[PDB]
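>>> got a sequence here, can you model it:
(chains A, B, C, D, E, F, G and H)
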Amino acid sequence: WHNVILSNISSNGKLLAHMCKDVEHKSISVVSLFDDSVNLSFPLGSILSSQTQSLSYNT
Amino acid sequence: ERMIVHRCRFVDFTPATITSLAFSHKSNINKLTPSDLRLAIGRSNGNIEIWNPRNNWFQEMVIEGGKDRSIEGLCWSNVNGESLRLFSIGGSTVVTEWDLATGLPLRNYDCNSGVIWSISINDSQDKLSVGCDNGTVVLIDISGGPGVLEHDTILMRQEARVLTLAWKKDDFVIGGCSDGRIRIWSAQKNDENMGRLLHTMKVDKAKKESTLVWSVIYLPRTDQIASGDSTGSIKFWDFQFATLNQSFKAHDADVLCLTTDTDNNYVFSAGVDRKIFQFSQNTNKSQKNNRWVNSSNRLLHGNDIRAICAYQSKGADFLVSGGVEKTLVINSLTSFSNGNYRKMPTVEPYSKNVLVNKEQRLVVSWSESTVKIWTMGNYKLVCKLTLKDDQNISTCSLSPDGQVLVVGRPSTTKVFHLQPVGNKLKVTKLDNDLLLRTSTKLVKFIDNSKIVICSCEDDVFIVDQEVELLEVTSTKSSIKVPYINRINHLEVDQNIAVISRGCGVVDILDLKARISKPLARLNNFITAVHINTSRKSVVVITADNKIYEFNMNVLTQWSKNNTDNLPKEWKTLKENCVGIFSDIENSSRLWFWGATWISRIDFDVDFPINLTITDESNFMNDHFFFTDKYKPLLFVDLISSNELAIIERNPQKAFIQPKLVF
Amino acid sequence: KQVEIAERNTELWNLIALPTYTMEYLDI
Amino acid sequence: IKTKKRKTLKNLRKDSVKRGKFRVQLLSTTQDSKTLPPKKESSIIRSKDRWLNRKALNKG
Amino acid sequence: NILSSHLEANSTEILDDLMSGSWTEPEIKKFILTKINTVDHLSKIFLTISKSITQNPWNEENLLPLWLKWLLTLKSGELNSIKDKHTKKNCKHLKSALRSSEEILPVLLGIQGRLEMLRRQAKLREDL
Amino acid sequence: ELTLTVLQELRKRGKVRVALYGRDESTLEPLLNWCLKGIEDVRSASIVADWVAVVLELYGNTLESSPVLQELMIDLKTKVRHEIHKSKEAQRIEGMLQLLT
Amino acid sequence: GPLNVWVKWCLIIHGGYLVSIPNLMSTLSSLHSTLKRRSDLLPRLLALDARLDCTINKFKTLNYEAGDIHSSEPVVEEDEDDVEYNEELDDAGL
RNA sequence: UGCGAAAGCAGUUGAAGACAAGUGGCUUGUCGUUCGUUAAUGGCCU
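Residues are numbered from 1 along each chain as shown, chains lettered A, B, ... in the order given. Below is the structure in question.
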């Protein structure tokens, strides 16, 4: 994963999520590591609200 | 001179709280928006507005009620192939069914038990539940035709008053009561247990006060009942087994109204703590586990929410909500937390309550059953008429020279001579029993003596006698929404009038020969009409915010380039222009106004080039100047060649949900 | 007069809506 | 005239006076009974809004 | 009158020290307030009175300190916003010139107590 | 001492301004009418000083509008005038027995 | 106020006895502590009356710019004879 | 930021690059970019 901002691994250690910064903004990708059970990714603008884009950077 | 502007805030015309929202057609997501969809808004002073959500919510008709009249619930009924029917309860023992043409009650069915607290309509809309104060649930047979209502069956009684009703289908009827319980009766005719209450459920009571179940809906995709009560808790109950699945402790005070979408992936809910909560079941795991989650929560209203409803179609998916603060709020259904919202103005004066006369610099204004008159100087209230022989008011007009006022409601009208006695007036009734017997919508004063009267039963008299008026082709939308072919507007000065009905028909009339010469020539609902004596023109503006003008004895070249050279303010306008007049110093410039702006278009110039009902659904068929710094706007007019009259509005306890302190 | 000057200097140290009817104008 | 104007107003407006053992009620008019729905029962309207403005929810 | 002469002189372009002298000539409290109420902008009256009260924080004339306290009472919504490049060090050196009186008000009140004690026991022992 | 300790807890803890934000004429008169009594005592007068200073910092327009707290500010002015005469004459007694060491 | 008239006279008259006493501060500690706590906060209420008096004469001079206007500004009225000519049932009556 | 005492005394506030919006440029604003300078109604357990 060629640019990582933030990362976390599940409690069983069976999958891990992280952030990307791949362009307009960052992105979020989850991947199972002990199997190719699941690996998905999406830009986090689809997570974020429509209110947050006209608000402060903390939002 | 430059334009000197009288920014008046004298008129305290205040509407009342929205108590019931309803949509005429049900949802049907995968089909187009029908051309007959109307939202109905019953207020708390007893008037029922009917709005059309096409192109940013214009208001078609208003059905006013009088002194000490309110309206608590209202339901639509449209059997497929027959006219729309609108029933409504007040705070009384009757149901009132209204005919949409006249704007009167065509039936006052006294329900045979107690004071009605709630009303609901059967699925397939042949029966009507009224839930009464003495614990009764009364069924009213509706399917006999529009107007005729029969008593059917009093369901099995109880002690406490039933405050909300819902139907499962044609079969069962659910009712939340004021003892904290939720009963389930069977209204299935020709069963052994018809009318007896099958189940009773009890919500988690408040510790230090009584609990009332305020809102009950049935959710048909699952098999649940959603219920909001006065603790703020919202509970979901399995219908078979009649028992709770899950309870959420959502609001901080009562939950007055809650609703759902078509496929029951969302339940929206609101009450006196003024937040709207959204409970979602959209995940495949949520649908296969029957587990709602408390998804989101929005704070949009100012005081309360007393009514909430939802519409969802192929080009329309919005929930509509209103409360103690008098404004309406539109949100998106499937995009509630994410998307945007629109708080309507508290009044958009499609029917005016204020007009001025240039002589004596005076202005009349009528709220409910009283008129008031003041003059400019400052300003001085010269006279008022709190006529209490009246019960309800409607439109009004003054004679040019300011001699005789005529007030007029759909039951009668009355004419008053006025004499300025100095710092006061003297007002005397002048008797005319033809006026005392006629129904009046509009009176518009041909001369100092001659007026033209539009009756609520589509008659156009000329008093102080009969205009021939041709008939309109009755299509499916005209038989469905039964006021589309009714005369909305008429404007007149100097023996030449023009009337306007909302099918897209605007017909001139010479007051001499009293012949039509129709110029229908239109596509949708007509917002306003004004006659220009210069150019010999009529000026119509429709709900799409386009300005057409036509000649008299079709549209001019100024219209032909103006309509598609129209400014970006008009192209991004949200509030429809409810009033047009012409300038007083120049006979050719015209000066118009909506509820949040004031514009003026120039008669000759042309400028160069380079949350709605938005589908392919049809209409109801099958130097330039712009300002908005007087935006809480009620009425504007002119007095003389340099001054302007801008009368507006200006402002109650509420549930304190405090902003963060620092 | 010294306590007066000192008191005044120390004061310098520690020292360091809509009506119902208007009438206005707009563009012709 | 200031202390009895509401008295003479109500005593000329109201009907159904007594006559010994009897009471002579006026019947109303089809005019009002067909132009308007009847008035709200102020008992139940006051009950509902007094509930929604009870003291236990601190309005302000 | 002479207040109008001082107003015209201080408003034209120049003569600010002589303008404060002409203000000190008639020197009314009501006209002192009126000369602040009339003008719409100042030609760094705060700067010249800042340097005057900095060079004399101990003067027996109450004229320029009275003018400064009424200027700060009536116009301090705008003195903090007219200019903030030289005015910053102006208020800095004015504030540091004036803080010493707050430092030495207790010793002056102490000496006032000393002297009242001495003069009252000297009035007391007056030899019958 | 209980009014003093809740004033001091709001002063140390958060914000005088937060505690004073949504006020107007009718809801400030308790504070200033207590500040009249608290300005006399030594133990309260620092807290009374900064609370009165903050409330006139952020309610200087209500000073103009309402006349029925103008008079409360004037009474507070004469109170601080009496107290400043007292705090000056105490320094004079302090000097006049510093002379006698 | 009233009692420190006594304490200034005790120092003036007995100015020899309590300068010949060996521990003045230790013998009348309570006077020293009382006057220290009375005069310690003098800069604070100096700043208080500066800030208070500034706003006080600020609104005083702004209201003295228009102090004569509120003496005849109230021209309010009530339900005048328009109500009598308004009562249409009482206009059919009298 | 430095020296200081708790007062105060001296110093300020550049550049690059990328992106976003508005009208390939131009303007404005940002930066989980670099170099240099001593410098979202969202509150506390039984």
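
>>> chain D: strands as residue ranges?
D:17-19, D:22-24 (DSSP state E).

>>> possible to save these as TSV with mean neighbour count and distance to residue G:26?
For every residue, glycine as well, the C-beta is placed using N, CA and C. Formatted as TSV, the strands of chain D follow (neighbours: other Cβ atoms under 10 Å in any protein chain shown; distance: least, Cβ to Cβ, whole Å):
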stretch	mean neighbour count	distance to residue G:26
strand D:17-19	9	98
strand D:22-24	9	99
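
>>> which one of those lies nearest to residue E:50?
Closest to residue E:50 of the strands of chain D, according to Cβ to Cβ: strand D:17-19, at 88.9 Å.

>>> partner strands of that closest one, parallel or antiparallel?
Its sheet considered, strand D:17-19 pairs with strand D:22-24 (antiparallel) by DSSP bridges.

>>> tell me how far the strand it pairs with lies from the chain's centre.
From the chain centre to the centre of strand D:22-24 is a distance of 20 Å (Cα atoms, centre = their mean, to the nearest Å).

>>> what of stretch E:30-44?
Worked out by Cα atoms, centre = their mean, stretch E:30-44 lies 15 Å from the chain centre.

>>> same check on stretch A:45-58?
The answer for stretch A:45-58 is 15 Å, by Cα atoms, centre = their mean.

>>> need the contact partners of that stretch.
Contact with stretch A:45-58 is made by A:24, A:25, A:28, A:59, B:337, B:338, B:339, B:340, as judged by Cβ atoms under 8 Å, 6 or more residues apart in numbering or on different chains.

>>> repeat the analysis, applying 6 Å as the threshold.
With contact meaning Cβ atoms under 6 Å, 6 or more residues apart in numbering or on different chains, stretch A:45-58 is reached by A:25, A:59, B:338.

>>> for residue F:44, state which of those residues is nearest.
Distances from residue F:44 to the contacts of stretch A:45-58, taken by Cβ to Cβ, are shortest for residue A:59, at 43.1 Å.

>>> would you map the strands across chain C?
In chain C, strands defined by DSSP E lie at C:21-26, listed in chain order.

>>> what comes up buried for the longest helix along chain F?
For chain F, the longest helix by residue count, based on DSSP state H, is helix F:70-98. Buried residues in helix F:70-98, counting neighbours by 16 or more other Cβ atoms under 10 Å in any protein chain shown, are found at F:70, F:72-73, F:76-77, F:79-80, F:83-84, F:86-97.

>>> thinking again about what came up before, indicate which one of the strands of chain D is closest to residue E:22.
Of all the strands of chain D, strand D:17-19 comes closest under Cβ to Cβ, at 89.4 Å.

>>> how far is that closest one from where the chain is centred?
Taking mean C-alpha positions (Cα atoms, centre = their mean), strand D:17-19 and its chain are 20 Å apart.

>>> then stretch B:463-476?
That offset, for stretch B:463-476, works out to 26 Å (Cα atoms, centre = their mean).

>>> next one: stretch F:13-23
The answer for stretch F:13-23 is 16 Å, by Cα atoms, centre = their mean.

>>> is that stretch anywhere near RNA strand H?
Yes - using Cβ under 7 Å from any atom of the strand, stretch F:13-23 reaches RNA strand H at F:14, F:18.

>>> so which residues make contact with that stretch?
Under Cβ under 6 Å, 6+ apart, the answer for stretch F:13-23 is B:661, F:10, F:54, F:55.

>>> now do the buried residues in it.
F:16, F:19, F:20, F:23.

>>> show me the contacts for residue F:45.
Counted by Cβ under 6 Å, 6+ apart, residue F:45 has contacts F:39, G:41.

>>> the longest helix of chain F packs against which elements?
If contacts are counted by 3 or more Cβ pairs under 6 Å, 6 or more residues apart in numbering or on different chains; DSSP states H and E, helix F:70-98 sits against helix E:87-124, helix G:29-39, helix G:42-64.

>>> now the angle from that helix to helix G:42-64?
Calculated by axes from the mean of the first three to the mean of the last three Cα atoms, to 10 degrees, helix F:70-98 forms an angle of 150 degrees with helix G:42-64.

>>> now residue E:19: phi and psi?
phi -70, psi -40 (degrees, to the nearest 10).

>>> surely it meets residue E:9?
Yes - counting by Cβ atoms under 6 Å, residue E:19 touches residue E:9, with 5.1 Å between them.

>>> whichever residue of chain A sits closest to chain D: neighbour count?
Proximity of chain A to chain D (Cβ to the nearest Cβ) peaks at residue A:51, 26.6 Å away. Residues near residue A:51, counting by other Cβ atoms under 10 Å in any protein chain shown, number 12.

>>> what lies in contact with stretch G:59-78?
Here stretch G:59-78 has contacts from F:63, F:64, using Cβ under 6 Å, 6+ apart.

>>> check stretch B:140-149 too.
B:83, B:85, B:106, B:107, B:109, B:126, B:127, B:128, B:150, B:152.

>>> can you say which of those residues are buried?
Among those, the ones that count as buried by 16+ other Cβ under 10 Å are B:83, B:85, B:106, B:107, B:109, B:127, B:128, B:152.

>>> just want the residue of chain A that's nearest chain B.
Closest point on chain A to chain B, by Cβ to the nearest Cβ, is residue A:50, at 5.2 Å.

>>> OK, contacts around the residue positioned nearest the centre of chain C?
A centroid search over chain C (Cα atoms, centre = their mean) returns residue C:15, at 12.7 Å, as the residue closest to the centre. Residue C:15 makes contact with residue G:50 under the criterion Cβ under 6 Å, 6+ apart.

>>> any idea how far it lies from residue F:50?
According to Cβ to Cβ, to the nearest Å, residue C:15 and residue F:50 sit 16 Å apart.

>>> among the contacts of stretch F:13-23, which two are most distant?
Among the contacts of stretch F:13-23, B:661 and F:55 lie farthest apart (Cβ to Cβ), at 16.2 Å.

>>> so which of these two has more stuff around it?
residue F:55 (23 against 11).

>>> look up the closest residue to that one, ignoring the ones flanking it.
residue F:20 (5.7 Å; Cβ to Cβ, 6 or more residues apart in numbering or on different chains).

>>> again with residue B:581
residue B:591 (5.8 Å).

>>> quick check: the one you found is in a strand.
Yes - judged by DSSP: H, G, I helix; E, B strand; the rest coil, residue B:591 forms part of a strand.

>>> tell me who's in contact with it.
B:581, B:583, B:600.

>>> pull the number of nearby residues for the second one.
It stands for residue B:583. For residue B:583, using other Cβ under 10 Å, the count is 14.

>>> check the contact between it and residue B:589; I expect there is one.
Yes - counting by Cβ under 6 Å, residue B:583 does reach residue B:589; the two are 4.3 Å apart.

>>> and the gap between the residue in chain C positioned nearest to chain E and chain D?
Ranked by Cβ to the nearest Cβ, the top residue of chain C for proximity to chain E is residue C:9, at 3.3 Å. Note on residue C:9: its distance to chain D, by Cβ to the nearest Cβ, to the nearest Å, is 47 Å.

>>> if you drop the residues flanking it in sequence, what lies closest to that residue?
Nearest one to residue C:9, counting by Cβ to Cβ, 6+ apart, is residue E:101 at 3.3 Å.

>>> wait, isn't that neighbour in contact with residue C:10?
Yes - between residue E:101 and residue C:10 there is a contact under Cβ under 6 Å: 5.3 Å.

>>> which parts of chain G sit against chain B?
By the rule Cβ under 6 Å from any Cβ of the partner chain, the part of chain G lying against chain B is G:81, G:82, G:85, G:86, G:88, G:89.

>>> could you look up the SS state of the residue of chain A closest to chain B?
Assignment for residue A:50 (three-state DSSP): coil.

>>> could you report the neighbour count for it?
The burial count for residue A:50: 12, using other Cβ under 10 Å.

>>> ditto for residue F:9
Counted with other Cβ under 10 Å, residue F:9 comes out at 10.

>>> what about stretch B:15-35, start to end distance?
One end of stretch B:15-35 sits 29 Å from the other (Cα to Cα, to the nearest Å).

>>> now the residue nearest the centre of chain F. Its backbone dihedrals?
Closest to where the C-alpha atoms of chain F average out (Cα atoms, centre = their mean) is residue F:48, at 3.3 Å. In terms of degrees, to the nearest 10, the main-chain angles of residue F:48 are phi -60, psi -40.

>>> right, I'll call it a day here.
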